[PDB]
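Read on for two forms of one protein chain; each stands alone as structure tokens, with the labels structure 1 and structure 2.
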Structure 1
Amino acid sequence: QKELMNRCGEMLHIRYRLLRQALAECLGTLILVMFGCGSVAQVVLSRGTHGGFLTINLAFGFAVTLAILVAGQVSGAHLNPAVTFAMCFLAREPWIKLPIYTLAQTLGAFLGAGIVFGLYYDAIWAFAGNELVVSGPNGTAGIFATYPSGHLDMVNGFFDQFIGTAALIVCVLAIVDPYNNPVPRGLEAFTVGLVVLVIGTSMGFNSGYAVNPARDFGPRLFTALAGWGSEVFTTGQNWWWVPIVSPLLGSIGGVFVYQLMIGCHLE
């Protein structure tokens, strides 16, 4: 039966490399969101019975590792518009793929929310008694997108994502640096996956350590059309744009931090 599989492989073969990389980013971000947002639903819908916040940190951290193992060889497994912006800002990848990856990263993250919604369709609907509440004691929209806590304000929420994304790029840039290799080559999947693991355990209290415009805006746009309504965007004094603008500004901020102390003074 290998003759049919090889025949199907040659027909479905994609000549365009750019579209091949965008297809890998859709599945790479799908795994990250399905295994990440699905973990939140496991600890929110169960009210902590099936795990606490450490379950979210372990699943979100190791979902990046698995997403890198899946789409790393094809597209580089950027998995983040802030990460893609950092690579483009460093003259490492063409600027033409910045909107291509972002469009391919928002998708898949949007699809990953639909998979999580279909995975917990009965639990989500029975959480608030055949109704959808954006936030509160029976809030269900917090599973997909990230929302500020009661203590968090508008100014602190901006710097919460800025520091989270800057610390992500600083650690990511050191891993992907060709001249900075304190670890044998090929272990970039586990090392980058540890960065998201310690970010959730350190800066995941204010909002939910989004630090990813695709991971946040993607499922947030899904919840608007799924039935949560327009209240998703207006929650937290129009919080929806904070996990988008701030991580982009945090990427260039984290690019400068690494380059000024270690990146430029190497070799």
Structure 2
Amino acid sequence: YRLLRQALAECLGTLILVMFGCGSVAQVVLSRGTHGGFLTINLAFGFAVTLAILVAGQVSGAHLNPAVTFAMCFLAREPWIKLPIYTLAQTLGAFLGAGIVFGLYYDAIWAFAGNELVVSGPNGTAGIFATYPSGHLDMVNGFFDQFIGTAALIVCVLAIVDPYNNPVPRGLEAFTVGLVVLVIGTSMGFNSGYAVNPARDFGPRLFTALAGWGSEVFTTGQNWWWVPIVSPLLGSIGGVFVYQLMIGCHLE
């Protein structure tokens, strides 16, 4: 089964970036403003994407993003049956990567607020794994940020992949995709890292429900959990239209 081989590569790729990325957030969150700021969170996530792509680049294409996989299906570059397989493989591996981080910081997480796990607040530990609405990050505000963030990510990715353009040698394509993740995190109002990945958000959030935080991770922030899963999907369609009209449809 050729499809089975590519699912394993996608599962391992998302495991690397989530474990390396969410682990960096834990150091900043748990050690309050001592072991780093926001630049280290965005730098770690950006570099972890480069390593994740390099590990699984030659097997499954190194999408590691349901929005990226959706865009390729929308452009008929890949079969439509590769979306359910990749999405399942990408979510399983962000769940496993988040489980590793919980094992490493088990003692510090439980002692953040005494002996009780708090989903949201001043001493909130659930923000290590999944994004949450801040003071100026309402659903109407949050939906716009992820739409623009994913649209810019798709535009840059489609430029490198484009067969009409000269084939970029292997090695420099991975760094370019990791550069978009770093710039997007610095620009858009999201201090969690790689906020435009549906699989990086649902997986760790699903783990947080069974880790001990309860079901309040799904019924808080005015049911915010579905926003980082639907809006990134829409931005992938917009990014395809933006790129094709300006550049793609006229290349030869």
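Think of the rigid core as the biggest set of C-alphas that the two forms share within 1.5 Å after superposition. Residue numbering: structure 1 sequence, from 1.
Relative to the superposed rigid core, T223 undergoes a CA displacement smaller than 2 Å between the two structures. After superposing the rigid core, the Cα of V183 is displaced by 2 Å or more between the two structures.
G208: CA moves 2 Å or more between the two structures after rigid-core fitting. In the rigid-core superposition between the two structures, residue position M154 carries a C-alpha shift of 1.7 Å.
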